[PDB]
Every structure is written in C-alpha cells, then in structure tokens.
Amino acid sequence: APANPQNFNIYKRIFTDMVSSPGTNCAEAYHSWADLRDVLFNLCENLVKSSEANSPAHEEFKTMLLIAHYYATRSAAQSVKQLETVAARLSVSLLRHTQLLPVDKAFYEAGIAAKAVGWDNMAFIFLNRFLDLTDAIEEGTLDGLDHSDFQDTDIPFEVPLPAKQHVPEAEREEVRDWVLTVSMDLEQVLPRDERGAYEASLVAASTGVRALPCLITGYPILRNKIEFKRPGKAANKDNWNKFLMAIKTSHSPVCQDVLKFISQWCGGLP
C-alpha cells in the first residue's frame, strides 16, 4: 500500500466513473461535467507547478481535461436549440477518444445525435457500429468487429471492451429496428472534407498533417483558425461566433460558464 500524494488514482477513477455513468447525455448534466472539468483543470494547474509536468500522467490528465471540456460544452450546447449541430459534432469528435470512454456509449450517442440533426449516413454507420459493439460486449471479444468503415480515420480500433452494456435494451432495440429498416436501401460512407479525409478526423490520411481540434466542436480546424494565448488551443472562428451568438441571444448561464472556463484555461479571449 503506497501513498498517492498527487491523487492521480482518485482523479483517474472519478473521470472513468463519470464517463461510464448513465443519464449524462442531456443539458441537465452540465454541472456534473463542468465539475469534472473544473477539478481536472485544477489538477493540471498543480502538475505544472509541482514540476511533474509532461510525464505521461500529466499528458493523460490533460487529455481527460479536454474530454471533460467536450462533454460540458456538449451539455451547454444541448441547452439551446440553435446549438444542436454543435452538440452533435461534439459527440462525433468524442469518438476519437474512445480509448478512454465506454465505446458502446460513445457510438450510440454519436449516432443518435447525428440522426436527430438529419446526418443519416453518419447515424447509420455509428449506430451499426454500436450494435456490433453491444454484441461484442455480450460475446466477450472484439474479434468480430469490422473496422472497414473507419479505416483512414483517427477513430481507434483497439479499444477497451466494456464488461457491461451502457445502453438499456429498449434503446438498443429501437436502434436495431431503425438500422434494419434503413439497411433496405443511402450511401454508407463517412463524409469527407476538402482534405479528402473523414470530416471529423484530425489526421488527414492523405496529407499527414494533424489538424488542431476546435475548442467548440472538436472538428479539425481547416480554415478561419483563431488562436488562444495557451499554445495548442484554437477554435474555428465560425464555431466561436456561433457559440457567442447563442450566449448573446439566450443569456445561457451554462454557455457563459463554458466561455468563462475557456478564457481561464487558455489565458483570455482570443
């Protein structure tokens, strides 16, 4: 029994528990995500001071912080109608972090959000993958999966297989019905951007330059980059403006909280 003076184990465990907890894909979950975000920020604030910065534990906690920020910003976006697409893109981008998230949950959420904003190709691909992952959970192996759908993406293929199914059976079976019906026709490929890469992918498989992920949607910044004082922190000016406009028109406290955090974390508005 050794001591953990910096509490790495505690914070990692609460991150893990939180992202596998139920009922977290709604606006009402904002404060639980923001809280996780905030404690992780404070932790990273202490790592740099304590000079254990840039050890793989510091960097993995930075990644966990980024993930908690995506989730909190997602709940904020779910609070007002005019940010629906933002919320949807956040669950799409979270698919790249499924080495750290229950992967069935992640694909379920990406697929449902995509479907609700009318992105039916992505909805079909993500929800089919979700069904395959629920079966693989039941079977106990991942060797049944076909990774052809995501072969030139930053979506990881080797991921932890969850021991339990995150999504209740009724929701699984509604997804199963819909996927079966749609399967009877749509083009089932993920959309590509001007790079010839999957639009949500930070790595352009073609070129090989890693794009920065937008702080608002998670998507690769391809144009109109605006940079924050902290290095490596950028947003697409159009996403930025969309979020600021939603604050201007709605006075959303959870969106203003998101804005406050981005300013504190990246060192002032860009």
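Quick note: we count residues from 1 along the sequence shown, nothing fancier.
- The stretch of deposited sequence separating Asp185 from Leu186 contains 1 to 3 residues lacking coordinates in this entry.
- Between 139-147 and 170-178, the higher mean Cα B-factor belongs to 139-147.
- If you average the C-alpha B-factors over 83-91 and over 155-163, the higher value belongs to 155-163.
- Ranking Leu244, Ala68, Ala204, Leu215 by the C-alpha B-factor listed in the PDB entry places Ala204 at the top.
- The residue among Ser50, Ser32, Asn42, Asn236 whose C-alpha atom has the highest B-factor in the PDB entry is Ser50.
- For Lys62, the recorded CA temperature factor ranks within the middle third of the chain's modelled residues.
- Sorting the modelled residues of the chain by their CA temperature factor places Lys115 in the middle third.
- Sort the modelled residues of the chain by CA B factor and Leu222 lands in the highest third.
- Ranked against the other modelled residues of its chain, the C-alpha B-factor of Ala77 as given in the entry falls in the lowest third.
- Remark: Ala123 belongs to the lowest third of its chain, ranked by C-alpha B-factor as recorded.
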